[PDB]
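Asker: Residue numbers (the authors' numbering), protein chains in the order written: chain E, 6 to 501; chain A, 6 to 501; chain F, 127 to 251; chain C, 6 to 501.
Got a structure for you, written out below as structure tokens; questions coming shortly.
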Amino acid sequence: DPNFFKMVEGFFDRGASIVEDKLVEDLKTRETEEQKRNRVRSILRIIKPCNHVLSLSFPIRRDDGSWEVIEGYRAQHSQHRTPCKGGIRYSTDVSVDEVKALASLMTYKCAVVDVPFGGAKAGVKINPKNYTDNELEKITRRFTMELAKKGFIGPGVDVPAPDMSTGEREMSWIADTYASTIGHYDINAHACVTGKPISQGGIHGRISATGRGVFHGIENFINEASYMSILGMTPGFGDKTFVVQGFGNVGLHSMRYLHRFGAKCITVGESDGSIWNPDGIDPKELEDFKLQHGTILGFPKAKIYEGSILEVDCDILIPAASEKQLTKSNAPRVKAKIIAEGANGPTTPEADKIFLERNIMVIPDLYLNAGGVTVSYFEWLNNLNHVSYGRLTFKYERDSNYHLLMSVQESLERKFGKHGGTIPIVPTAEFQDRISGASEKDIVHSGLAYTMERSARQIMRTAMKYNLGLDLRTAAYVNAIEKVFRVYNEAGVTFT
Amino acid sequence: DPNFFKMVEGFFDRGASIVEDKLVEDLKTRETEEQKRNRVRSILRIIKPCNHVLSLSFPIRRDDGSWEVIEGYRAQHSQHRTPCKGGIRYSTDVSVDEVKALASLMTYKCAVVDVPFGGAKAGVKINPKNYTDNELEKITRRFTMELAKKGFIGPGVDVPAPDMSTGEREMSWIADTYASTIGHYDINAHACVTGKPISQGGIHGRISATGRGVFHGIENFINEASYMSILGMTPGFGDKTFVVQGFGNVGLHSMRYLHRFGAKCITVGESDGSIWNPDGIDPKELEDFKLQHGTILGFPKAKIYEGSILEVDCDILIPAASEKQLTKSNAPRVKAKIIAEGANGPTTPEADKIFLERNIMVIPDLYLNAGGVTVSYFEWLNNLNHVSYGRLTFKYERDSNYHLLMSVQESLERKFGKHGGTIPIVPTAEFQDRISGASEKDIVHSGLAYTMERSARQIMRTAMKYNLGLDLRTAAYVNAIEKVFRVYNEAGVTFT
Amino acid sequence: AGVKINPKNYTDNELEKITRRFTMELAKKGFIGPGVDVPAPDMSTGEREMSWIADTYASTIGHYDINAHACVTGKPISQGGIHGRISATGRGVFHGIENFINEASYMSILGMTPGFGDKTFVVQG
Amino acid sequence: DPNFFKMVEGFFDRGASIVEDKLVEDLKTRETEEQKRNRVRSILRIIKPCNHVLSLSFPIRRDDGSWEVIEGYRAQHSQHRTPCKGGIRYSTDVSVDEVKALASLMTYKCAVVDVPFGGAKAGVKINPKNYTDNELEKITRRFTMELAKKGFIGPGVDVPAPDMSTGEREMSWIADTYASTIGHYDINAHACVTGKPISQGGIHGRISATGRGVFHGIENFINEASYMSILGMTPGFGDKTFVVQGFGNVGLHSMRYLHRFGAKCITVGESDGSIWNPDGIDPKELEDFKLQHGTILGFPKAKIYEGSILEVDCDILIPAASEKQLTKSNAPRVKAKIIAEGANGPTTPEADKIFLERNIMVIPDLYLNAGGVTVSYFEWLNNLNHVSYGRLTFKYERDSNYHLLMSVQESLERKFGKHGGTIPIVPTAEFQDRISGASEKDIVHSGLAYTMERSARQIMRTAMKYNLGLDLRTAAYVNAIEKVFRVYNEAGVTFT
Ligand SMILES: NC(=O)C1=CN([C@@H]2O[C@H](COP(=O)(O)OP(=O)(O)OC[C@H]3O[C@@H](n4cnc5c(N)ncnc54)[C@H](O)[C@@H]3O)[C@@H](O)[C@H]2O)C=CC1
Ligand SMILES: NC(=O)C1=CN([C@@H]2O[C@H](COP(=O)(O)OP(=O)(O)OC[C@H]3O[C@@H](n4cnc5c(N)ncnc54)[C@H](O)[C@@H]3O)[C@@H](O)[C@H]2O)C=CC1
Ligand SMILES: NC(=O)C1=CN([C@@H]2O[C@H](COP(=O)(O)OP(=O)(O)OC[C@H]3O[C@@H](n4cnc5c(N)ncnc54)[C@H](O)[C@@H]3O)[C@@H](O)[C@H]2O)C=CC1
Ligand SMILES: NC(=O)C1=CN([C@@H]2O[C@H](COP(=O)(O)OP(=O)(O)OC[C@H]3O[C@@H](n4cnc5c(N)ncnc54)[C@H](O)[C@@H]3O)[C@@H](O)[C@H]2O)C=CC1
Ligand SMILES: NC(=O)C1=CN([C@@H]2O[C@H](COP(=O)(O)OP(=O)(O)OC[C@H]3O[C@@H](n4cnc5c(N)ncnc54)[C@H](O)[C@@H]3O)[C@@H](O)[C@H]2O)C=CC1
Ligand SMILES: NC(=O)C1=CN([C@@H]2O[C@H](COP(=O)(O)OP(=O)(O)OC[C@H]3O[C@@H](n4cnc5c(N)ncnc54)[C@H](O)[C@@H]3O)[C@@H](O)[C@H]2O)C=CC1
Ligand SMILES: Nc1nc2c(ncn2[C@@H]2O[C@H](COP(=O)(O)OP(=O)(O)OP(=O)(O)O)[C@@H](O)[C@H]2O)c(=O)[nH]1
Ligand SMILES: Nc1nc2c(ncn2[C@@H]2O[C@H](COP(=O)(O)OP(=O)(O)OP(=O)(O)O)[C@@H](O)[C@H]2O)c(=O)[nH]1
Ligand SMILES: Nc1nc2c(ncn2[C@@H]2O[C@H](COP(=O)(O)OP(=O)(O)OP(=O)(O)O)[C@@H](O)[C@H]2O)c(=O)[nH]1
Ligand SMILES: Nc1nc2c(ncn2[C@@H]2O[C@H](COP(=O)(O)OP(=O)(O)OP(=O)(O)O)[C@@H](O)[C@H]2O)c(=O)[nH]1
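Right under this line is the structure:
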């Protein structure tokens, strides 16, 4: 077990090393080889550390009257591409070392999936099992009056997001503050945080986002004859059978969505139990019982088959659970053919060899969980240009679309003036929904998948470019660094 | 040896404990005893930690072309009394733990000597023996474009100051930046740093300040019959003989100034040698040789008497050298009667007992070295109201003063119309200087001593109030906390 | 905006020291800013230059603005450019002619036959 | 006749050349001689040109309804010492070449008399004999909404002042605008212009300032035995007899004030006539007739003695008239012993030799007319700290002063308990005024002269330092450059 800071740190170190040779060859500015190679070895030392790390302390007054101090952190990994964005964690485990760590990932997520954001992360040492509906407000509404006074929250400088122990309810309290004290003289005030309640400028699909992100991740590689063959796998969701490592906000949806396209959810689990039914499991019923019973350990149409799901038959596995689900202490017990990581750091770097040595493909946790990030990047636009997506232009396409068919029909009337008479070219039931069920929702559902598409190809292009083969994690971090480098390389970073 | 963070931390912990009882008695707002006592025990937990701690990283490009990263810190101990102020250290030893530490002291210095400043401190990990006349500019001029973008430099939010390895030359580069990029639209831009070169808005006496601060420190207690008797000491500088622990920017002046009032400088030393001449030593000659020879180890009218000055005869000792000159490992070897500390943390808390047990008085390093701070507080005013001190009103008093004597003379002409005839009431040679040698300089030299005066009495009043007797350090930290508490107690600190 | 410089004199670095200064001046006097004024490339001013400008205005003054990087155009595509910033002017010239050579009201009066597929042209450089 | 731009330009060119050698010797930073000498020859190329020159054009709509364009200029000679300050001229002669010129002078005036201002100047092409009480408002109130939108007016960036065709009435219209549109959110808004009407934040003595400036100029050199002897002149105003070249806002006062100290105003003149009465002339009567008759050509107690006053007996001459009163075409016709220039460029550089060759002293027009500048620098402080000078502290000194005498009296009661009994030490009639006639006025009258004093000595020190002897103009420009250089030399001018 490494430090999750150190464990991620080591990743791009590898990635930096690999691109290193290729990159000097690719740069063109006429310089000395050693110079324009020690150059990139120097820029790549700039990208590694975080550029700002803020520590705080709060005079919070409790409900009983007493006071207490709240150690709270904030780190912006790089002003590389403003505005920085990252979640806000509430947990006593939060330490400045971990905040630096995540800030790194958020900077490379955004690089992967091409969203113009830097990377941030912020924690506070609070166990929300202690405070009330009210003290949390007195805290969050204070943790923003601090950051804002020091330029670490603002629609153009930095944008918080939800994290564990940080629901919608919280992010409302933030915006309700920054848009009332400091950002008041700004048109873009409510663009300060994402994941707001849909009433106050949210996005439909902020919850199911990450899950439906995981989905379009797999669908961009399972449709690749260049890997499915090499993986010894048959292309198609309708062909394969998968499993799930829990029922997080991810699992509940990642399951259901992939469930919707014929891939058979073999088994599932819990943070405190196991479930197994090797012949397909119903999402919705679970979505009932896990909320009807507070646990599916007792879902009747399955079995509590104690044991790691990670050791159970599956053509696709989703470690949709918390940190470090895998070590090489079970790498000989994968039972899978393709693993697509759900949360950050589920696998040690160690076992990653063995999976390659056992010849499978473990899609990296970089961009899979980054489905949510893009959705935030959309809510940060919805709020930014002050208009629901496409409300301006919804009835327009509705008009034109079946004001276009009416031409095809009319144009067929030439050849078929009397053969069959009138020919009512009409939509279908489905294509009627995409007309009548028009909503910003479907824009997201659309824009989301396409970002994942163009992204996931940028990786398969990378793996081919460096013969990494089934080394996606590296290639990903390679593909991220390749991008972040371009920005510095041209910025003439020296502002003096 | 403790951590200098922890070692200072422990100080006011004692101080907080002592005032604790007296303070609840002194508060009047009608509340429950346990409540309005757990109150103060809670406010006193707020004051301890720092409210902001910033960490940085710089893409500095060297002279040869290469890049490198510059870890740089900044800490504002409390927004208690804006604007915060503290020096900027250059040294590889700088670590976020020490930056928090000093930030505490600067907050209690200012509390002692009644200057409305919070407390800050900032380091960078640089050994200036590495860089050039130019890279330092490329660094400092960058370490301000960062802080300024995040609200940690600004004439109303925070004000840097010189520290070790940070001469005038540096502080110019800062102001030359903040007053050219961000603060440009501000009238108060050049109030951003103090210790600027006198040309660019400095103060005459910025160098000799700290020394002449040490002086008026002692003169406020050595003139106290309540202690000089108890110390078994004869009131008067013309009576006592002292020593000096080095020739810092402090010693060169603290010596010379106290030299000017009949107190006999017995011996002196160096960071790399000893000197002794138990019958008075000439400042100026040393101020020659230490600059003529780069060392006084060879000053002819003295001797290189190797051994700790701290173990040499003296009625007053000045540990005007770097951190932790004393432990109890020589507490039985004080040889002194009154010790007045020059730099921060020269003595372990341990030995402080023994000095009390050996019945001497060790004046705390809190306010002695804080002579310089006030002088900075003046340069921050000179720059603030855009006018040399008293240039507006210099010739006015010059007029009135000897337009007043001319009345006394003329009024004597009544009683003495013919007894002695004309009676030229005139000034003296000295009082002529205070007229003709009028300068902002003399204002400082004046305002400085009076701040030290009113301060040093606030301590002797405190020691009497709590029967601390010869416990000045405590009483000082007690007197500081007493003040800083008042501000929070009334602020209704909750901004939400 | 011009400056009196013959870029055949200075280096990869002095030009930076110049351009990055010619913006700290204008910006202090309200002549650069995404809502007040927007530079663009000209002769002896490639992409490389316009990067140095934005890299400055979006780091000293416009830092507290969401629209900072809107200060100049023709930036390198990495830093917020547009694909087709180079070939633009040319493909501009094209759609110019195509809007008049398809005009029977002029092609006739010009004694000209409407259509690109019909005509033969030349180029001055 | 040279271009007044070129003619001033040439001045400091000489001055730059002279200091050039001395200055490299004086700098200490260890560098190569040729390097740290080409250094100063390079800094001295920076100081020469203006750093900003703005040209404008106004859609002014006339009273009749028509439109017209108003070419208007503005030039800030150097951001060297913010805020820049200069007058606003209305005249059709105004051209960008002349605006650059004056901006230079205002930068060296301020350098001479030690007021922390840069230098500016602004004209518009208007002949105010054309427009009305109202169009001028529509113009001025527009020429500020333009400059303000581009950072050329503002209490910390730039400060206009009155010039020819620009009375109080105008400067009110400016402040009434900048303090109502843009500077509204600033506490320092009304500090934007000086010379405002006394009601709206002016200074008593804004008119008579320049004149009473000319006065304390001469009084600082005519009291110099080092020159009065060398000039073959007898020290004292009560000894000498002078003349005046007109009755400008300068002459009306420069005459009267020097009139008040026994120097005999021999003759005077007009822009359209001559006057002569070689036996002393009354200011006030002229101040009547020139306003009773609109001309003194007919003042009964003198004669209309046509001919250049510059060719008439005088121990002191004041060319208090407009540009280029002298050439060498009358240099053999000086008739004077000391000439003290009133307005800018009254003498060609050519004749200056001849005066030296005829062995007289022509005090430069740099600082003589700069008496007004300092007074503006005070109104820019009065407005800045929002309090009449000394109103806070007037009754305090009044108390202490004759609460001090009452001690001297009482203390004499010891020696003289019965010799003469009660001894009423009282003020005099005069010293009573300085008590009862206490006013911000007298502060100015005081602070003014002292600035001129400390200034005029900085010149006599300079002339001695470079053996310039009776070369004051040069020495002045030398003394200015010496100062302006210090600021750049230390600023590390490179902000990148
Ligand atoms: N030639 C290649 O390998 C690639 C080309 N592209 C081109 O760029 C376009 C896509 O770029 P968009 O971002 O959608 O539009 P854009 O105009 O904002 O492109 C900005 C560029 O910066 C990079 N970038 C994006 N987000 C970043 C971040 N957070 N940090 C650092 N770098 C980042 C992207 O590679 C992108 O090419 C496509 O049209 C495609 O033609 C994109 C990716 C790879
Ligand atoms: N919620 C969001 O918007 C995002 C969440 N994530 C990450 O996703 C992960 C969890 O997703 P959440 O959204 O937090 O959903 P959640 O909080 O609702 O997830 C908890 C689920 O994981 C299960 N679980 C926990 N430990 C397990 C273990 N060792 N084995 C099997 N099941 C286990 C629980 O029983 C439960 O079903 C975390 O790593 C979180 O940081 C990442 C990005 C966004
Ligand atoms: N009754 C007492 O024990 C004391 C009374 N005083 C009174 O206050 C006046 C002196 O205060 P000034 O500061 O010169 O004027 P001021 O009007 O600014 O006083 C502010 C008050 O806040 C406190 N203070 C000053 N600097 C501080 C800092 N950096 N942090 C926290 N608290 C700070 C001081 O005790 C002062 O009384 C004197 O006239 C005296 O009458 C001052 C000290 C002790
Ligand atoms: N310079 C300033 O404005 C301020 C300085 N200080 C503190 O004062 C102390 C030193 O004063 P500086 O101004 O830095 O002067 P400096 O840097 O010129 O002081 C160095 C002097 O101390 C002597 N020295 C060093 N270690 C010694 C040891 N163990 N025994 C005897 N002599 C020793 C050296 O030989 C030398 O004479 C430091 O603690 C510094 O932080 C504190 C506040 C302001
Ligand atoms: N050693 C010398 O030759 C001189 C020394 N001084 C010292 O400086 C003090 C007077 O300076 P103040 O301005 O009253 O206070 P200050 O603290 O503002 O001094 C600023 C310094 O910058 C220079 N300066 C002033 N106005 C300037 C301008 N507009 N442009 C460029 N440089 C300018 C002055 O020479 C002054 O020494 C006196 O106390 C005197 O001791 C002043 C003049 C000459
Ligand atoms: N008024 C002010 O605040 C300042 C005025 N000045 C300068 O002072 C000069 C004039 O002083 P103003 O204040 O404008 O007063 P003004 O406008 O009232 O001066 C005009 C006076 O000069 C006389 N005059 C004009 N040409 C003459 C000539 N060739 N020979 C003899 N007398 C002549 C007129 O008859 C009249 O008495 C100008 O050069 C102006 O720029 C400079 C700084 C400030
Ligand atoms: N489908 C589904 N939605 C849920 C569930 N629990 C909460 N939700 C919320 O209900 C919303 C339903 O989304 P809809 O807009 O009605 O339908 P959709 O977006 O086309 O697809 P689904 O989200 O899967 O229903 C989601 O956005 C979730 O935020 C669940 O168990 N299943
Ligand atoms: N006196 C003194 N001043 C020094 C010495 N070295 C440098 N200086 C500087 O020279 C200045 C001399 O100060 P002055 O204004 O001339 O005289 P003063 O302020 O009345 O008292 P001193 O500073 O002790 O001379 C001080 O401000 C120091 O900054 C030194 O060895 N002795
Ligand atoms: N076509 C073309 N492109 C060039 C040439 N030289 C540089 N380029 C660049 O290459 C890019 C090619 O554009 P593409 O996006 O690949 O293709 P296109 O925009 O559909 O049309 P073209 O620009 O003509 O290729 C252009 O935007 C130019 O900036 C050239 O000689 N021909
Ligand atoms: N003395 C004098 N003042 C005039 C004259 N014309 C206008 N004034 C104004 O009247 C004011 C008179 O100033 P006061 O404050 O009353 O007296 P003072 O300042 O001590 O000296 P004077 O200005 O010479 O009277 C001056 O400030 C001028 O602005 C004049 O001819 N003589």
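Even for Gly, the Cβ is constructed at its ideal location relative to N, Cα and C.
Identify each residue in the stretch 185-218 of chain A for which the Cβ-Cβ distance to at least one residue of chain F is less than 9 Å, and report them in chain order.
Answerer: 185, 186, 187, 189 and 190
Asker: Between the stretch 148-165 of chain A and chain F, which residues of the former have CB atoms less than 8 Å from a CB of the latter, in chain order?
Answerer: 150 and 154
Asker: Do the stretch 32-43 of chain A and the stretch 12-25 of chain E make contact, defined as three or more Cβ pairs closer than 8 Å?
Answerer: no
Asker: Roughly how many angstroms lie between the CA atoms of residue 159 of chain F and residue 186 of chain F, to the nearest whole one?
Answerer: Sequence index remark: in the third sequence, residue 159 of chain F carries index 33 (1-based). Sequence index remark: in the third sequence, residue 186 of chain F carries index 60 (1-based). Straight-line Cα distance between these residues: approximately 12 Å.
Asker: Could you check whether the Cβ of residue 177 of chain F sits closer than 8 Å to any Cβ belonging to chain E?
Answerer: Sequence index remark: in the third sequence, residue 177 of chain F carries index 51 (1-based). True, the Cβ-Cβ gap to chain E drops below 8 Å.
Asker: Would you call the CB atoms of residue 96 of chain C and residue 169 of chain C closer than 8 Å?
Answerer: The count along the fourth sequence starts at 1 and reaches residue 96 of chain C at position 91. The count along the fourth sequence starts at 1 and reaches residue 169 of chain C at position 164. A contact, by the Cβ cut-off of 8 Å.
Asker: Using a threshold of 7 Å, is the CB atom of residue 57 of chain A nearer than that to any non-hydrogen atom of ligand 9?
Answerer: Here the question's residue 57 of chain A lines up with position 52 in the second sequence. In this structure, the C-beta of residue 57 of chain A stays at least 7 Å away from each heavy atom of ligand 9.
Asker: Mapping DSSP to helix, strand and coil, what is residue 92 of chain E?
Answerer: Walking along the first sequence from the start, residue 92 of chain E turns up at place 87. It is a strand residue.
Asker: Is residue 163 of chain E a contact residue of ligand 1, with contact defined as CB to any heavy atom under 7 Å?
Answerer: Residue numbering aside, residue 163 of chain E sits at position 158 when the first sequence is read from its first letter. Because no heavy atom of ligand 1 lies under 7 Å away, the Cβ of residue 163 of chain E does not count as near it: no.
Asker: Does chain C have any CB closer than 8 Å to the CB of residue 401 of chain A?
Answerer: In the second sequence, counting from the first residue as 1, residue 401 of chain A sits at position 396. Closer than 8 Å: yes.
Asker: Alpha carbon to alpha carbon, how far is residue 216 of chain E from residue 150 of chain C?
Answerer: Numbered from its first residue, the first sequence carries residue 216 of chain E at position 211. Numbered from its first residue, the fourth sequence carries residue 150 of chain C at position 145. In a straight line, the C-alpha of residue 216 of chain E is about 56 Å away from that of residue 150 of chain C.
Asker: Among residues of its own chain, excluding the 5 on either side of residue 67 of chain A, which ones have a beta-carbon nearer than 7 Å to its beta-carbon?
Answerer: Residue numbering aside, residue 67 of chain A sits at position 62 when the second sequence is read from its first letter. Excluding positions up to five away in sequence, the list reads 73 and 140.
Asker: What is the rounded straight-line gap between the Cα of residue 200 of chain E and the Cα of residue 464 of chain E?
Answerer: On the first sequence, residue 200 of chain E is found 195 positions in, with the first residue counted as 1. On the first sequence, residue 464 of chain E is found 459 positions in, with the first residue counted as 1. Each residue's Cα considered, the two are about 28 Å apart.
Asker: Anything in the stretch 272-294 of chain A with a Cβ closer than 8 Å to a Cβ of chain E? List those residues in chain order, please.
Answerer: none
Asker: Please tell me whether, using a cut-off of 7 Å, the distance from the CB of residue 172 of chain E to the nearest non-hydrogen atom of ligand 7 is below it.
Answerer: As a first step, residue 172 of chain E is located in the first sequence; it is residue number 167 there, counting from the start. No - ligand 7 has no heavy atom lying nearer than 7 Å to the Cβ of residue 172 of chain E.
Asker: Can you list the alpha helix (DSSP H) stretches of 4 or more residues lying completely in the stretch 91-143 of chain A, in chain order?
Answerer: DSSP assignment within the stretch 91-143 of chain A yields the following whole alpha helix (DSSP H) runs of 4 residues or more, N-terminal first: 101-117.
Asker: What alpha helix (DSSP H) runs, 4 residues minimum, are completely inside the stretch 357-407 of chain E?
Answerer: Runs of the alpha helix (DSSP H) inside the stretch 357-407 of chain E: 370-373, 376-387 and 399-406.
Asker: Would you mind telling me which residues of chain C sit closer than 8 Å to residue 146 of chain F, beta carbon to beta carbon, in chain order?
Answerer: As a first step, residue 146 of chain F must be located in the third sequence, where it is residue number 20. Around residue 146 of chain F, the beta-carbon contacts reaching into chain C at under 8 Å are 501.
Asker: Strictly below 9 Å CB to CB, what residues from chain E border residue 142 of chain F?
Answerer: Taking the first residue of the third sequence as position 1, residue 142 of chain F is located at position 16. Going along chain E in sequence order, the residues near residue 142 of chain F (Cβ under 9 Å) are 497 and 499.
Asker: Distance check for residue 413 of chain A and residue 224 of chain A, CA to CA, integer angstroms please.
Answerer: By one-based count along the second sequence, residue 224 of chain A stands at place 219. By one-based count along the second sequence, residue 413 of chain A stands at place 408. Residue 224 of chain A and residue 413 of chain A: Cα-Cα distance of roughly 35 Å.
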